[PDB]
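[1] So I've got this experimental structure, pasted below with the sequence.
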Amino acid sequence: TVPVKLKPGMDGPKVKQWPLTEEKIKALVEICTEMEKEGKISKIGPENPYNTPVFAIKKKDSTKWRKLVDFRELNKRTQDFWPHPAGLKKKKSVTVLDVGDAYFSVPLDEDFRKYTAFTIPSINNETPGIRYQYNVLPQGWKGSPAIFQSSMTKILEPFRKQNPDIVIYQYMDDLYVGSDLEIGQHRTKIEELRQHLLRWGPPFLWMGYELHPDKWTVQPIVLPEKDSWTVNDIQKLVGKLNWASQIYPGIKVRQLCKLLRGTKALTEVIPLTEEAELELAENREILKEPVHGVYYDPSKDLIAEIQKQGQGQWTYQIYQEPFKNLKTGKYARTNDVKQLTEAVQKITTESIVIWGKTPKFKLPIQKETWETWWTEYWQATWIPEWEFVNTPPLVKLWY
Amino acid sequence: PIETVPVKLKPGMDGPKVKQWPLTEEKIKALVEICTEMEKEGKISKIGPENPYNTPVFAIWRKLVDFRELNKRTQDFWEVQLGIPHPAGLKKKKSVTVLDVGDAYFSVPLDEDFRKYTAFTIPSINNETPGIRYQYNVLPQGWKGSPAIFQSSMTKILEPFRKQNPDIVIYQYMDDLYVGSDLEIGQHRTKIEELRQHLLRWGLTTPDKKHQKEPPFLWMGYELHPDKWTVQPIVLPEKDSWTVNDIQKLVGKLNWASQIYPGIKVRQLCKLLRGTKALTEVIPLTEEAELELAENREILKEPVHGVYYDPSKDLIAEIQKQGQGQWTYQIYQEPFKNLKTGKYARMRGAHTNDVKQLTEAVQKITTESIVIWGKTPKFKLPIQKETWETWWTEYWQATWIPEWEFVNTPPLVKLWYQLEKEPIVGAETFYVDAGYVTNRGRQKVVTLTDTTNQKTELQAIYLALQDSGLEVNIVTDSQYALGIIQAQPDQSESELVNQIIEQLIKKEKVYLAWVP
Ligand SMILES: CCCc1c(OC2CCCCC2)c2cc(Cl)ccc2[nH]c1=O
Ligand SMILES: [Mg+2]
């Protein structure tokens, strides 16, 4: 076992466990009891003050439950370990696998184990709670991939050289396999990697279906193209523009603001003077593309804000610096939460594929709610960092 | 015996090296007799000069060792993290007997390597002679880990007998141990003695049936029966003179009841606390506070009881609006026969509306149920799908309500107004900023005293609303008020806003837009 330590001075996590539903508790008991028989985990005593939260998520196309341990806090307190392919995002098709099980073979430093402590809560506090800690490398922990890196490269060296037309990228418990082969040949080539993995020690995440990164779109800002223009129309037009101007300073409003001189009635239709007509058309051109000069700082946190546009439609933006969006997109349908989770997961997967990191989200929801339902629809094997917020009116309308 | 739990001092800390206060020779005398017994019983063992550690002791004749220091130097344990059950979560039992575990800490070995830190000293009576030193072999009463470690043990010790007797449930709590079954009186009283035996097996002495405790179980503000439950009988005072303090307590005492006594209202009482300058200040009761007191008094005069959980049946949660800001609910399984009830005053944010507030109540109940019954109940709400959905869809924040049924029980929640999704033709147009100017030439410039930048922004809008006709388009630069109103509140802590809200309810169509 490799000696792993927490960053210097840092102690272990003591995270509260969110109340789970009887159903999930059951799933977890079933699961954990077997992981014990197989000695992957071991009941711990009171001498262990640490604790990480566990959850039961659902497997897509499988009646089976998956245990999901929120090692977020742990990973943050875990020492760093001492390369992302820019080509991956370019492949036509990317398939994601769950090689999480690979870790269950490698033992965890007996001295670090205490920090993997987790607990199966009890209903109504009627029982103490089933406490356990990991003997092997735990899924979801930042160490595991690293420590398994080695045996991981060895396992892939054959397929990699046999199929160098294929890009294989691992992230935590996931393996990203991208290519450009025909879709049929893909799934076929994918399936082959599988048995080549079984040959050493893996389900299709995201439905066994493919991401198509190449087709990923950057939703630019858009302006209302319309027949006749009323005072209100323009007022909004000028507003939306006025805003966007902070990003693309080449935006001029002058001529439009001129049509809006004098307390006219909102509904009154205002014809556009050629001068303004062209000003708009220019503003239109400027927006056609993302503002130049926006580069990804590997050293900076990747942030992600989501907005609810109603009807099952959402808008998101990935940036590191304000107004300096690295990416933006939309998402269409379910209920508010289901969608919102699906989104985050979509936005994360991409974030990973592209930059190899997970973004920190800002969610348009009350925490108690998110805490309550999110697990009911979550399917990833990772959990991004998130915070909860209140979406400003204008900025929603502007997307 | 029991598997030992390994202990350590907090990183980079040494054992307590604290000096023993002088002790009345009469006190020296009683300690020796006491300590000698403990050594005769194995609990402690005299030690040598090897050990530099020491923890102060004193007599109360009983013994007490001050472990504060040792505690500050002792590692943190996964604690008893007390989170107690709520009666509504329990299931009915035929018999439930509790056993008081005889000195359990003294019955549990102590990690060898640690014992040395538990060292203390009994001063000798005469000057030239040294006093006897000791350390523990078992859980020291008053020591940091004793509880966690004691319970832990207990649990492992109860595992076997627990899986061997499925038809039995045991709830551990400090020294108490509760055993329940739907077993025959004797057949139950049987298993009990079966247990006591198994406990004795590891040396844990429990009370005799002649001396055990039987229901009702008055525990943590509750009164527990085999088939039912409630709150310890609460009695309202009958004073002429009410102090801020008496009031504050009463209100507290009233809230407590709310979880089972529906209809308890504290508004008028709580109102009494306004302005108060001291806990001893006498506040005379208002006429409506009297009525409230009197009303609750009567509500409390009826011994209502709670029912237990039938895992078999479903959970139904019903909610009502006990008045602006107040919501009442009751979770039942069997038709209008609760397990629990409760209120909700929780106003989240300065402004809000019934739809939102009710939705928030659903989330509390939801959260609360998962904690007590492990599942969410089907809800019966006084709002209709269309209404909800209409608010739902148009709100920037995401939200989701479990499975729910509309129950036509006034008052039904609704929206007293909605903003036009598009400017109104034929309606006058106002431009606000403190004043307004309209496309029709009208204008009013008013001077506000004590206002705040934002409160000025609303006044304008208010003004405009006032002066405008049944239909109005309003144009503002205030992004704030916009948000406020777009939110569509129907109650606010700000008087101003309520006025506006009233105006809004009255109009036929209002269109609000924002411009820089
Ligand atoms: C021991 C199992 C928990 C449990 C009870 O024990 C109680 C637990 C809380 C402390 C007091 C005793 C219980 C007590 C009564 Cl009086 C009636 C029904 C009950 N149903 C139950 O599931
Ligand atoms: Mg203006």
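    That came through fine. Numbering: from 1, shown residues only, chains lettered A, B, ... in the order given. Ligands and ions are numbered 1, 2, ... in the order given.

[2] and the residue of the stretch 151-300 of chain B nearest chain A?
    Across the stretch 151-300 of chain B, the shortest distance to chain A (CB to the nearest CB) belongs to residue B:152, at 4.6 Å. Where you see a C-beta, it was placed from the backbone N, CA and C, and this is true even at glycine.

[3] in the stretch 151-300 of chain A, which spans are strands?
    A:167-171, A:174-179 (DSSP state E, counting those that start in this stretch).

[4] any idea how far stretch A:337-346 is from the chain center?
    Centroid displacement of stretch A:337-346 relative to its chain, using CA atoms, centre = their mean, to the nearest Å, is 9 Å.

[5] so how far is residue A:25 from the residue of chain A found nearest ligand 1?
    Nearest residue of chain A to ligand 1: residue A:126, at 6.1 Å (CB to the nearest ligand atom). As judged by CB to CB, to the nearest Å, residue A:126 and residue A:25 stand 11 Å apart.

[6] Who has more neighbours out of those two?
    Using other CB atoms under 10 Å in any protein chain shown as the criterion, residue A:126 and residue A:25 rank with residue A:25 on top: 20 against 15.

[7] which non-adjacent residue is nearest that one?
    residue A:120 (6.2 Å; CB to CB, 6 or more residues apart in numbering or on different chains).

[8] Residue A:160 now?
    Per CB to CB, 6+ apart, closest to residue A:160 is residue A:168, 6.5 Å.

[9] tell me which residues form a beta bridge with that neighbour?
    Note on residue A:168: beta-bridge partners by DSSP bridges are residue A:177.

[10] Please report the distance of it from residue A:208.
    Remark: distance between residue A:168 and residue A:208 (CB to CB) = 17 Å.

[11] between the two, who's got more neighbours?
    residue A:168 (18 against 15).

[12] I'd say the more buried one and residue A:177 touch.
    Yes: with contact defined as CB atoms under 8 Å, residue A:168 reaches residue A:177; the gap is 5.5 Å.

[13] ok, now which ones touch the residue nearest to residue A:254 when sequence neighbours are not counted?
    Among residues not flanking residue A:254 along the chain, residue A:279 sits closest, at 6.8 Å (CB to CB, 6+ apart). For residue A:279, the contacting residues are A:252-256, by CB atoms under 8 Å, 6 or more residues apart in numbering or on different chains.

[14] Need the nearest residue in space to residue A:385, chain neighbours excluded.
    Per CB to CB, 6+ apart, closest to residue A:385 is residue A:360, 4.4 Å.

[15] got a winner among the contacts of residue A:279 for most neighbours?
    residue A:256 (24 neighbours).

[16] Count the residues that sit near residue B:197.
    Residue B:197: 11 surrounding residues under other CB under 10 Å.

[17] what about it, which helix or strand?
    Using DSSP states H and E, residue B:197 maps to helix B:185-201.

[18] what packs against that helix?
    Applying 3 or more CB pairs under 8 Å, 6 or more residues apart in numbering or on different chains; DSSP states H and E, we find helix B:185-201 packed against strand B:95-100, helix B:146-164, strand B:176-181.

[19] now the helices for the stretch 51-200 of chain A?
    A:72-77, A:143-162, A:183-198 (DSSP state H, counting those that start in this stretch).

[20] what domains does the record give for the chain?
    In the absence of a named chain, this looks at chain A. With domains defined by curated CATH domains, chain A comprises A:1-82+A:104-144, A:83-103+A:145-213, A:214-318, A:319-398.

[21] meant chain B, my bad for not saying
    Annotated domains of chain B cover B:1-80+B:106-146, B:81-105+B:147-215, B:216-309, B:310-416, B:417-513 [curated CATH domains].

[22] export these to JSON lines and tack on distance to ligand 1?
    As requested, these are exported to JSON lines (distance: least, CB to the nearest ligand atom, whole Å):
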{"stretch": "domain B:1-80+B:106-146", "distance to ligand 1": "14"}
{"stretch": "domain B:81-105+B:147-215", "distance to ligand 1": "3"}
{"stretch": "domain B:216-309", "distance to ligand 1": "4"}
{"stretch": "domain B:310-416", "distance to ligand 1": "10"}
{"stretch": "domain B:417-513", "distance to ligand 1": "40"}
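
[23] Out of these, flag the one nearest residue A:365.
    Residue A:365 lies closest to domain B:310-416 among the domains of chain B, at 4.5 Å (CB to CB).

[24] how long is the closest one end to end?
    41 Å (CA to CA, to the nearest Å).

[25] hmm, it touching chain A?
    Yes: counting by CB under 8 Å from any CB of the partner chain, chain A is contacted by domain B:310-416 at B:348, B:360, B:363-364, B:366-367, B:370-376, B:392-400.

[26] Among the residues you listed, name the ones in helices.
    B:360, B:363-364, B:366-367, B:370-373, B:392-394 (DSSP state H).

[27] sorry, back to before: what comes into contact with the helix holding residue B:197?
    By CB under 8 Å, 6+ apart, helix B:185-201 touches B:94-95, B:97, B:99, B:101, B:157, B:160-161, B:165, B:168, B:170, B:179, B:181, B:183, B:205-206, B:209, B:212.

[28] Taking the residues you listed, please make a PyMOL selection of just the buried ones.
    To isolate the buried members of the contacts of helix B:185-201 in PyMOL, using 16 or more other CB atoms under 10 Å in any protein chain shown:
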select buried, chain B and resi 95+97+99+101+157+161+165+168+170+179+181+183+206+212
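
[29] Show me which residues of the stretch 201-350 of chain A sit near chain B.
    For the stretch 201-350 of chain A, the contact set with chain B under CB under 8 Å from any CB comprises A:230, A:232, A:235-236, A:238-239, A:242, A:263-268, A:307-308, A:310-311, A:335-340.

[30] 10 Å - rerun?
    Within the stretch 201-350 of chain A, the residues that sit near chain B (CB under 10 Å from any CB of the partner chain) are A:230-236, A:238-239, A:242-243, A:253, A:257, A:260, A:262-268, A:306-312, A:314, A:334-341, A:343.

[31] Show me just the buried residues among the ones in helices among the residues of domain B:310-416 next to chain A.
    Among those, those classed as buried by 16+ other CB under 10 Å are B:360, B:363, B:366-367, B:370-373, B:392.

[32] how about those, which pair is most distant?
    Using CB to CB, those span at most 27.3 Å, a distance reached by B:372 and B:392.

[33] close to chain A, is stretch B:156-174?
    Yes: judged by CB under 10 Å from any CB, stretch B:156-174 comes into contact with chain A through B:156, B:158, B:162, B:169-172.

[34] for the closest residue to residue B:310 other than its chain neighbours, what are its contacts?
    Nearest residue to residue B:310, sequence neighbours excluded (CB to CB, 6+ apart): residue B:333, at 5.5 Å. Residue B:333 sits next to B:88, B:307-316, B:339, B:373, B:377 when contact means CB atoms under 10 Å, 6 or more residues apart in numbering or on different chains.

[35] how close does residue B:333 get to residue B:194?
    With distances taken as CB to CB, residue B:333 is found 32 Å from residue B:194.

[36] Likewise for residue B:499?
    72 Å.

[37] just residue B:84 next, same as before
    Going from residue B:84 to residue B:194 by CB to CB gives 27 Å.

[38] Many thanks, we can stop here.
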